[PDB]
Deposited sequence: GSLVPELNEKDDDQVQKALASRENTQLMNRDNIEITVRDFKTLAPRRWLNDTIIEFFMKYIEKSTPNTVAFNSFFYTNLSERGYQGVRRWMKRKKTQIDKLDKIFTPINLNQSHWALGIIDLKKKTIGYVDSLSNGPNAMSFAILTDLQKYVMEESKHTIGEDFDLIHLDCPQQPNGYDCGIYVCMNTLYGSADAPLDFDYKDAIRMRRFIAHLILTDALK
């Protein structure tokens, strides 16, 4: 009972084959994944938005009272404020007051992948970064924006007294696995597990997402 499973020989081979066609692999929940996107899961590649979006949607479907927005959520919120994201929640067929958590993947400066976690139960908003400098101006803004989102989306019933925290997490050994670590932090958060994974667990994530894609995991 760990969270990211080890693939069996048939499933791992299905991944190798799809990675070698270096073709559409999936079109569900309005996410088309090609071999092109699938290959960003290949060893040492930058995970693209589409893979992030797949994984968010998988977390949503596999976690009660949980929303996990795609990377474009935070970009619209940042650039346009609450008004630019005002229908996003309703499109999820739920109300913010009925949630345990909201996950927001954050693409800082086209490259750096980080995570926001709004815990409605714990009444915290966390910034989780695997290539973390400590608190900075960007992390403060994220936290501030995510707080404004809670306050707005809830018609000002909740969020104003949330703890704005910088949540420690496992630090990546390299400068390209941000994406996978966001995914690792999301899965672990969604299970209320401590962020105590290591780099070997992160490499298995790559194979896992690839498996979920190939086995049409979004039902």
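**Q** Which deposited-sequence positions, grouped into ranges, are missing C-alpha coordinates?
**A** Since the structure holds only modelled residues, the one stretch it omits is 23-24.
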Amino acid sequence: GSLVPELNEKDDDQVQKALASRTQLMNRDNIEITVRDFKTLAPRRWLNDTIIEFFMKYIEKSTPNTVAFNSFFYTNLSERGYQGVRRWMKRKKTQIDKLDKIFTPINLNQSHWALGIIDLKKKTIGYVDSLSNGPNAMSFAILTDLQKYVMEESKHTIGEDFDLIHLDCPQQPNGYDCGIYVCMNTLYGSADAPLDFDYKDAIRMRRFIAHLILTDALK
From here on, numbers count along this sequence of modelled residues.
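**Q** Does a third or more of the other compared entries skip modelling residue 192?
**A** No, residue 192 is modelled in every one of the other compared entries that cover both of its flanks.
**Q** Would residue 30 be found without coordinates in at least a third of the other compared entries?
**A** In at least a third of the comparable entries (those modelling both sides of it), residue 30 has no coordinates.
**Q** Comparing 207-215 with 11-19, which has the greater mean CA B-factor as deposited?
**A** The stretch with the larger average C-alpha B-factor is 11-19.
**Q** Highest mean C-alpha temperature factor of the two stretches 102-110 and 67-75, which is it?
**A** Going by the record's values, the stretch with the higher mean is 102-110.
**Q** Would you mind finding, among 166, 155, 57, 45, the residue with the largest C-alpha temperature factor in the entry?
**A** Among 166, 155, 57, 45, the PDB entry lists the largest C-alpha B-factor for 45.
**Q** With respect to the C-alpha temperature factors reported in the PDB entry, which of 185, 62, 50, 174 ranks highest?
**A** Of the candidates given, the C-alpha B-factor peaks at 174.
**Q** Would you check the entry's CA temperature factor for residue 193 and let me know if it's in the chain's lowest, middle or highest third?
**A** Middle third.
**Q** Once the chain's modelled residues are ordered by C-alpha B factor and cut into thirds, is residue 139 in the lowest, middle or highest one?
**A** Its C-alpha B-factor belongs to the lowest third of this chain's values.
**Q** Can you tell me whether residue 148 has a C-alpha B-factor in the lowest, middle or highest third compared with the other modelled residues of the same chain?
**A** For residue 148, whose C-alpha B-factor we compare with every modelled residue in the chain, the answer is the lowest third.
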